[PDB]
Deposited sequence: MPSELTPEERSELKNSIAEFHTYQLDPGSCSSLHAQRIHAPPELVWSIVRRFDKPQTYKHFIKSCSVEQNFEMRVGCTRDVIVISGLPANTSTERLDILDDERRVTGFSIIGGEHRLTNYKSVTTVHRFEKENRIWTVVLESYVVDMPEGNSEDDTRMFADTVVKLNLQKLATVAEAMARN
C-alpha cells in the first residue's frame, strides 16, 4: 500500500528514521511515524509541503490559516489555524521549527489554541528514490505528544492529500 514501505525503501531510510523519526520517550509521551509513497519528483512534493503559510493546500480539516503578511516564513514564525467544525479542536497556534530546503526537512510545534493536545511536535522529511528510469518520493511524518488514534488518522489523510496534489501536478 502507498503507506507501507517496501523492505528496500525501509533499508534506504534507516538513517533518516533514526535521525528524525525516533523518540526517546518519557512515560508521559507517545509517538507515531507515518509514511506515504508519492509518484512525483521529490522537489515538487517539497515545494508544496514547505509552505508553512498555506497548510490548507496540502492538509484536511482547516477552515482558515492566518500568518503575518508580507514576510517570508522562517523558523520561529507562527500560524493561527481555525479547524473545521466537528473535531476535538477549534484553533491551533503553531510554530515553524525546521525549514531545511537542502535536506527537505520541515516541522512544527503546537504552542497554543483550543484543543486537547499538549506538547505536540512533528517532523516531515521528503526522500528521493530512483530505480532504472523511474524517480518517486517517500514522505515520512512523525510526531510526539503528551498522553493517538485520531492524530494518526489526521496525519495519514494529510499525507494522502499531499500525494493527490503532487501526482495531479506531475501528470504530463
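- In this entry, the deposited residues absent from the coordinate set occupy a single span, 148-156.
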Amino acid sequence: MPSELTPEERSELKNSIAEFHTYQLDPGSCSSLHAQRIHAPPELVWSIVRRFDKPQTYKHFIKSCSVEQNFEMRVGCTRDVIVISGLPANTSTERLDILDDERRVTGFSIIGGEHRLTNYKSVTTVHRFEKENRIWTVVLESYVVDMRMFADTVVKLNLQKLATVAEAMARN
From here on, numbers count along this sequence of modelled residues.
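Only the largest set of C-alpha atoms that superpose within 1.5 Å between the two forms is called the rigid core.
- The rigid core fit leaves 62-70 as the farther-lying stretch in 5 other deposited structures of this protein, judged by Cα positions and set against 62-70 and 128-136.
- Between stretches 47-55 and 22-30, the one whose Cα atoms sit farther from the displayed model in 5 other deposited structures of this protein on average is 22-30 (core-aligned, root mean square).
- Higher mean CA temperature factor, per the PDB entry, when comparing 23-31 with 48-56: 23-31.
- For the pair 9-17 and 155-163, the mean Cα B-factor is higher in 9-17.
- Within the listed group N119, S122, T125, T137, the record reports its top CA B-factor for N119.
- Of all the options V67, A40, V145, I110, the entry's greatest CA B-factor is assigned to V145.
- For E132, the recorded CA B-factor ranks within the highest third of the chain. Only modelled residues enter the ranking.
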